[PDB]
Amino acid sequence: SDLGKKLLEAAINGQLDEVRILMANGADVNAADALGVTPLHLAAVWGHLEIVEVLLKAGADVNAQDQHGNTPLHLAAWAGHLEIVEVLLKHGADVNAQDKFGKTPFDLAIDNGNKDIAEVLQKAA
């Protein structure tokens, strides 16, 4: 039973209790699928604040990059999850991290009309 895949599936599906029990049985919070996508990425994009927090607390890399150079901050910004953006900045998310098309989290926020989030990222400079 490989706990990497199980933890990624749980992050996507917002299964807080499932995530907690997988970590306690030794799951790697920095487990990445074929595309370099981590549980922190997936919890961030699907708007699972509590799960984002347990993973960060458990030492989840805050500026982990997938194939595309998407960080959790990129995906939260993309997805319009302000509360999650705020936490990532707190845990030291690179505001200036660039995806492979040179988009910053700020740019992704703008492109999808997340003005509140863009204002936060501009001032978090």
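When you see a residue number, it is the position in the sequence shown, counting from 1.
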Checklist line | Between the two ranges 59-67 and 38-46, the one averaging a larger CA B factor in the entry | finding: 59-67
Notebook entry, point to check: If you average the CA temperature factors over each stretch, which comes out higher, 112-120 or 6-14?
Noted result: 112-120
Check: Taking the Cα B-factors listed in the entry, which of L73, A79, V29, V87 comes out highest?
Finding: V87
Item checked: For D33, the third of its chain into which the C-alpha B factor falls -> lowest
Checklist line | Position of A24 among the chain's modelled residues by C-alpha B-factor, lowest, middle or highest third | finding: highest
Notebook entry, point to check: What third of the chain, by the recorded C-alpha B-factor, contains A97?
Noted result: highest
